[PDB]
Amino acid sequence: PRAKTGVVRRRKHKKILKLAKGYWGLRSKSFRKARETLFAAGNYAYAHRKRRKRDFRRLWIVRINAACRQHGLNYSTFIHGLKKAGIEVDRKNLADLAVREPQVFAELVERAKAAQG
Amino acid sequence: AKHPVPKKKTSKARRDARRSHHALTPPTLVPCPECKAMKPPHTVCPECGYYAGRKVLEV
Amino acid sequence: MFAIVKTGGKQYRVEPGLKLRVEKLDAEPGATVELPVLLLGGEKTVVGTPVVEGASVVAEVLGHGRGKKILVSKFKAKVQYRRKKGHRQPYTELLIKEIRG
Amino acid sequence: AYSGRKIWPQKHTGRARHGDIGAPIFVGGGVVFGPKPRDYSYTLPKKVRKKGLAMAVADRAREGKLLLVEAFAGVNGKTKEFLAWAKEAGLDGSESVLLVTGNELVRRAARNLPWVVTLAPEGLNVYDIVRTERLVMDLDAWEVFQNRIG
Amino acid sequence: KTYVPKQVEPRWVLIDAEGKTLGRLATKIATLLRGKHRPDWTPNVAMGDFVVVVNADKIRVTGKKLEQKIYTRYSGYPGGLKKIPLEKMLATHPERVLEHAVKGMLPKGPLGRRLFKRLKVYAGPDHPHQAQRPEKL
Amino acid sequence: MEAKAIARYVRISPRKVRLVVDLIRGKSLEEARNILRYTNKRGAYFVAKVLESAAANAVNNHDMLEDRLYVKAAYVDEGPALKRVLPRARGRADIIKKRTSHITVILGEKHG
RNA sequence: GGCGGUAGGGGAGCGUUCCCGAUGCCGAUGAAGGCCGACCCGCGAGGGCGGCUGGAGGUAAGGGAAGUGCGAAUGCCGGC
RNA sequence: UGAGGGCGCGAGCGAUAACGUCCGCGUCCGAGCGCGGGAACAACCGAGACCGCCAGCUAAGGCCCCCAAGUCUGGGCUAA
RNA sequence: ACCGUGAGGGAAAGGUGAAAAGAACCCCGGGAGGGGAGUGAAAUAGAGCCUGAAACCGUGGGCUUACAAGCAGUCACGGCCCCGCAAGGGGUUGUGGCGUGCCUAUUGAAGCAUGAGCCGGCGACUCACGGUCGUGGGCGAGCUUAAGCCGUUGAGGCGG
Ligand SMILES: [Mg+2]
Ligand SMILES: [Mg+2]
Ligand SMILES: [Mg+2]
Ligand SMILES: [Mg+2]
Ligand SMILES: [Mg+2]
Ligand SMILES: [Mg+2]
Ligand SMILES: [Mg+2]
Ligand SMILES: [Mg+2]
Ligand SMILES: [Mg+2]
Ligand SMILES: [Mg+2]
Ligand SMILES: [Mg+2]
Ligand SMILES: [Mg+2]
Ligand SMILES: [Mg+2]
């Protein structure tokens, strides 16, 4: 009962090609090259799916910081009042109401200058 | 087996970008004073002759 | 009219009249659920307390399932540790009705 | 059949290191751990087949799929001199049947029967018993099957 | 999802630098380029504003840097490390006394030498009256 | 309708004729000929016995007129190759690839 | 409540070749194999589905036997 | 598995040198070259990664710009 | 065949079609090779003629590139072309975030430590006997056969 290779070894190399689509030169047609750059991706995609928030976590703040300093106060001084107001609402994204109607946020600012000064 | 040596198999673009300077200039030509033929500058066409220097062929 | 809402560990900015994906909840896929957890108002209604005072937003479900299976292959270099794994992330094809209270 | 001679020295060669061409790493040379011929038999205790002989017989009795016989319109040699016997007994080609008898005539009368396999009174192979969906046997059997156990 | 605009109209700015401390001035300028003074800040599309800083030969800096700080330029040849002081430039090229400071605060990618384009620092003053001249102080 | 003709199996390396074919491409046949008949190469001859033979069967088999057609598309691929050895030095034997070709020329219709 | 993980240990599975299952069944209204796909099942190795090509074998559910799963060995053959 | 290595410490050797070595305790890399600060930097600092989410609290470390966060308040200090 | 004086070493290479019915004839052309017509169920079965992958070469088309610093990818957004029904999806990438290839040995890597040009196939814990543990089944003061002998020929029974 002999069982040569046959189908098995090829179909797999076709799947790696299937995920190596648009990879420069040999990196998408040479098999044991495509095997490699897939290793980094699934790692590169892992870490960055952990990172994509911290990216936006940072971006939101600057926009927020851009807003508060347009009333005349810093981001550090902005947040505290909100926290002093105990408002677990402000998903740092949802503070994007600087081009999503501003008085909705412009009057979040004055509810900060209260409980501190 | 000798001296300097390529290190890495030269890639495709690599190989190909060198080869832009290799495409052929198509031949420039004029038409014969008499013949309705196409012919180089400063030449004598392989059918006609001239008017101060023969070439006249045969049937 | 600004309709904020906070469900499944994340909040969102809703204007009333289109669909949304949110995580599941112990519900039958053909009904309508209430989120008395609400924030704000498009005519300016700040909330000194976190959660509003009793207001709400009404949303209609649709079904369940998954969007994309996203492969999660973990490979540690050097040390023969490759893993091949993926999953589906279910959700609720959620349709929001009103902001009534 | 290849010889036993190094292919090219390993020292100062450029290529790898190698030897005789029976080496499985090559091609066409030798097999690795190929399947040389060998027996598969053993010695299963008789008390497993003895009891194993009984178990299967009742299995057809437990389902009724049994019949001892003694009377035959086909005590001679003709496949036609049997299928009518089956007609007058109850075998309408619906389901398979194993047959036992000590008469080498009835076997002929069904040795060409696709749904009826011959069987001598002795080698009641539990394979063919469980193979066929119904069983038939005779007293000429039910004295040795009895002398086995009974 | 997140807010991103589509079209963006920029705005220009007028700034002087008489008595303005050198570095602290040019610091806000970079922020004023990288429009993080714009809640519609965009981390790639280059929304940077256009700062037109008239006058600079009258720029002063803390300490004795006028006779102490030197800038470096490297040709490639030996003996190429050209060490130019903050004084000799404040005499025939007082225009790049700020430039080779903001580029020191602009980011590193290709967007930098786009942001730095959206800014010119003459020393006159009274620059080419293009149009609007938003003098922010 | 396009008309085609391949000169299978032509002992000339591809890298050579591709330089030539890539000159009559898009040119009208009249110029294509005058281009070829004065193109100091070697592939120019092989095209001629496959061009005017591809413009031929655009007439003797595909009822078109030569007075109109144009170089629609023209390409060449790579056939096999005879293998010959090259006694290099000190006993080395480095083979050599004498390459053939597969010159392919198709022609269309100007107007009408 | 725990679930990073090398040598190593245990458990679970997918695939290939062949046999019982078969004088069975699927197959000319197109099998095995090869090109695709953004469809579906599975976390998986994999299994189904639509299209193209090919042209004659292929074999379920439960058991059994293996020459059984490749990315490297300056591995071997061939081609490039 | 029985070649280990780093750092803090207590010794010996060494020149109260060695990113040198031999020991003891402990820690960590090896097996955590997976994350954050240390510009970079296996073992220095924080912190054990089952997967997903454009959610919130934090440690180290940081808050003028690249670079997210006070050119924060009060009090002194230094002109290199 | 080929190598070696010599003993001796010692390969590669099967596949049209059921039937040659294998292209008469015409045309380009020196021929080779092709176009057409025709046989054939099929010439996309054309005489290295079943299937035809992969490396490798080229033509056509969609996206991009001549202010840019790069294990060549990942994440985000926009942009171009295409599919599609809301919405969504495919292919490309301009900008921004991060990003020190694989295996093996090494305490130790990104490495100036081994190895691989690439692709496709062959290729690496099986077997026999005895024995320890585990487990599944048979009998249970018992348990069990070996050579061999009767018989269909992929049947077993005796044999202590
Ligand atoms: Mg945060
Ligand atoms: Mg705002
Ligand atoms: Mg709610
Ligand atoms: Mg998933
Ligand atoms: Mg042999
Ligand atoms: Mg040797
Ligand atoms: Mg088979
Ligand atoms: Mg760091
Ligand atoms: Mg945990
Ligand atoms: Mg900042
Ligand atoms: Mg051989
Ligand atoms: Mg919608
Ligand atoms: Mg291979």
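Residues numbered from 1 in each chain as written, not as in the entry; some residues may be left out. Chains lettered and ligands numbered in written order. Part of a larger assembly, values for the part shown. Heavy atoms only, no water.

This entry, as listed in the PDB, derives from X-ray crystallography and reports a resolution of 3.2 Å.

Caption draft 1: Summary view of the packing of helix α1 (residues 14-24) of chain F against helix α2 (residues 29-37) of chain F. All names here are of chain F. Two elements in contact, α1 and α2, have axes separated by 9 Å at closest approach and are oriented at 145 degrees. The hand of the α1/α2 crossing is right-handed. Two secondary-structure elements touch here, α1 through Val20, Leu23 and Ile24 and α2 through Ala32, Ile35 and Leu36. Taken together, the residues of the contact of α1 with α2 sort by class into 6 nonpolar, no polar and no charged. (Axes fitted to C-alpha atoms, helices over the stretch in contact; angles between N-to-C directions. Helix = DSSP H or I, 4+ residues; strand = E, 2+ residues; numbered from the N terminus. Left-handed = near helix turned anticlockwise from the far one by under 90°. Contact = heavy atoms within 4.5 Å. Nonpolar A, V, L, I, M, F, W, Y, C, P; charged D, E, K, R; others polar.)

Caption draft 2: Just α2 of chain F, in detail. Residue and element names in this part refer to chain F. Within α2, burial applies to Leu29, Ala32, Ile35 and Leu36. Across the axial projection of α2, the buried residues extend over an arc of 115 degrees, all falling on one side. The inward-facing, buried residues of α2 contact α1 and α3 (43-51). (Buried < 20%, exposed > 50% of the residue type's maximum accessible area, 1.4 Å probe, protein only. Arc of directions from axis to C-beta.)

Caption draft 3: Main features of the interface of chain F and chain B. In this complex, chain F contributes 11 residues to the contact, which on the side of chain B involves 15 residues. At the boundary of chain F with chain B, total buried surface from both sides reaches about 980 Å², with 61% on carbon and sulfur atoms. In terms of surface lost to chain B, no three residues of chain F exceed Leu19, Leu23 and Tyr38 of chain F, which account for 48% of the buried area on that side. Scanning the region where chain F abuts chain B turns up 1 salt bridge. Where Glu47 of chain B meets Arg37 of chain F, a salt bridge forms, and the shortest distance between an N and an O atom there is 3.8 Å. For the pair chain F and chain B, the interface holds 0 residue pairs in polar contact. Only α1 and α2 of chain F provide two or more residues apiece to the side of chain F that touches chain B. Among the residues making up the side of chain F that touches chain B, the classes are represented as 4 nonpolar, 2 polar and 5 charged. (Buried area = accessible area lost by both parts, 1.4 Å probe. Salt bridge = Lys/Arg side-chain N within 4 Å of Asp/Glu carboxyl O. Polar contact = N/O pair within 3.5 Å; in protein donor to acceptor, adjacent residues only side chain to side chain.)

Caption draft 4: Region of interest: the packing of aromatic side chains. All names here are of chain A. For the structure shown, the criterion picks out 8 aromatic pairs over all chains. Between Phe78 and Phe105, the aromatic rings sit 5.8 Å apart at their centres with planes inclined by 15 degrees, giving stacked as the arrangement. A residue pair is termed long-range when its members are at least 10 positions apart, and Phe78 in helix α4 (residues 75-84) and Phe105 in helix α5 (residues 103-109) qualify at 27 residues. Overall, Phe105 belongs to the buried group, its relative accessible area being 4%. (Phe/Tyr/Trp six-rings, centres within 6.5 Å; stacked < 30°, edge-to-face > 60°.)

Caption draft 5: Spotlight on the side chain of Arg63 of chain A. As for its position among the elements, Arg63 of chain A is in helix α3 (residues 31-71). Here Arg63 of chain A occupies a buried position and makes no salt bridge, while the nearest side chain of opposite charge, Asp40 of chain E, is found at 6.1 Å. Reaching out from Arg63 of chain A, the side chain makes a polar contact with the backbone oxygen of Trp41 of chain E at a distance of 2.3 Å. What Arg63 of chain A contacts, discounting residues up to four positions off in sequence, is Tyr3, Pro39, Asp40, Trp41 and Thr42 of chain E. (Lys, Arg positive; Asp, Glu negative; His and termini not counted.)

Caption draft 6: Layout of the arrangement of the chains. With 4 pairs of chains in contact overall, the greatest share of contacts is found between chains A and C. Chain B makes no contact with chain D; the smallest distance between any of their C-alpha atoms is 11 Å. Contact between chain B and chain E is absent, and the minimum C-alpha spacing across the pair is 25 Å.

Caption draft 7: Representation of α1 of chain F in the model. All names here are of chain F. Of all the positions in α1, only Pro14, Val17, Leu19, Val20, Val21, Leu23 and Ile24 are classed as buried. Buried-residue contacts for α1 involve α2, α3, β2 (73-77), β4 (93-99) and β5 (102-107). Just beyond α1, the residue with positive phi is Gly26, at close to 80 degrees.

Caption draft 8: Inspection of the environment of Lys10 of chain C at higher detail. Residue and element names in this part refer to chain C. Mapped onto the secondary structure, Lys10 falls in strand β2 (residues 10-14). The spatial distance from the C-alpha of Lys10 to the C-alpha of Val52 is 16 Å, given a sequence separation of 42 residues. Excluding residues within four positions of it along the chain, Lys10 makes contact with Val5 and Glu23. A distance of 3.1 Å separates a polar atom in the side chain of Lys10 from the backbone oxygen of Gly8.

Caption draft 9: Fine view of a positive patch on the surface. On the surface, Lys50, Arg51, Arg52, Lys53, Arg54, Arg57 and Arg58 of chain A together with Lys74, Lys76 and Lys78 of chain C cluster together into a positively charged patch. With respect to the helices and strands, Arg52 of chain A occurs in helix α3. (Patch = residues over 30% accessible without salt bridge, like charges linked within 9 Å, V, L, I, M, F, W, Y side chains within 5 Å. Areas by Shrake-Rupley, 256 points an atom, 1.4 Å probe, with all protein chains shown as cover. Charge placed at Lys NZ, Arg CZ, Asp CG, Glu CD.)

Caption draft 10: Region of interest: the pairing of strand β4 (residues 81-85) of chain E. Pairing of strand β3 (residues 70-74) of chain E with β4 of chain E involves 5 bridges; the strand directions are antiparallel. For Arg73 of chain E, the partnering residue across the bridge sits in β4 of chain E and is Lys82 of chain E. (Pairing = 2+ DSSP bridges.)

Caption draft 11: Looking closely at the sheet that holds strand β8 (residues 92-96) of chain C. All names here are of chain C. An order of β3-β8-β5-β4 is seen for the 4 strands of this open sheet, with the pairing classed as antiparallel. Among the strands making up the open sheet, the edge pair consists of β3 (19-22) and β4 (32-34). The mean angle between the axes of side-by-side strands here comes to 40 degrees, regardless of whether they run parallel or antiparallel. Where β3 meets β8, 4 bridges bridge the pair, whose relative direction is antiparallel. Bridge pairing in β8 places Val22 opposite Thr92.

Caption draft 12: Quick look at the protein's contact with RNA strand H. Lining the immediate environment of RNA strand H, one finds 44 residues, of which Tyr46, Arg69, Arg91 and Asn93 of chain A together with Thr2 of chain E sit closest. Put simply, 74% of the atoms of RNA strand H that lie within 4 Å of the protein are in sugar or phosphate. With respect to RNA strand H, the side chain of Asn93 of chain A contributes an N or O atom lying 2.2 Å from a base oxygen. Between RNA strand H and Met105 of chain E there is a distance of 2.6 Å, counted from a sugar or linking oxygen to a backbone nitrogen or oxygen. (Near = heavy atom within 4 Å.)

Caption draft 13: A look at the pairing of strand β1 (residues 3-7) of chain C. Residues and elements named next belong to chain C. Counting buried positions over the 5 residues of β1 gives 4, a clear majority of the element. Note that β1 and β2 share 5 bridges and pair antiparallel. Each bridged residue has a counterpart across the sheet, and for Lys6 the counterpart in β2 is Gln11. Hairpin connection of β1 to β2: 2 residues between the antiparallel strands, including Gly8 at a positive phi of 65 degrees.

Caption draft 14: Up close: the protein's contact with RNA strand I. Lining the immediate surroundings of RNA strand I are 78 residues, of which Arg9 and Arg32 of chain A, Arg15 of chain B, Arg49 of chain D together with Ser53 of chain F lie closest. Within 4 Å of the protein, the contacting atoms of RNA strand I are 81% sugar and phosphate, with bases supplying the remainder. In the model, a phosphate oxygen of RNA strand I is placed 2.5 Å from a nitrogen or oxygen of the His13 of chain A side chain. Take the surface near RNA strand I: its biggest share by element is 12 residues, from α3 of chain A. Partitioned by chemical class, the residues of the surface near RNA strand I number 28 nonpolar, 16 polar and 34 charged.

Caption draft 15: How the structure looks around the sheet that holds strand β2 (residues 50-54) of chain E. Strand order in the open sheet formed by 3 strands is β1-β2-β5 (chain E), with parallel pairing between adjacent strands. Looking at strand neighbours, the two that pair on one side only are β1 (12-16) and β5 (119-120) of chain E, the edges of this open sheet.

Caption draft 16: Local environment of the pattern of salt bridges. Residue and element names in this part refer to chain C. As enumerated under the stated definition, the model contains 21 salt bridges over all chains in all. With a shortest N-O distance of 3.7 Å, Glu15 and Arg13 are connected by a salt bridge. Look at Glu15 and you get partly exposed, because its relative accessible area is 43%. Among the residues examined, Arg13 registers a relative accessible area of 31% and is labelled partly exposed.

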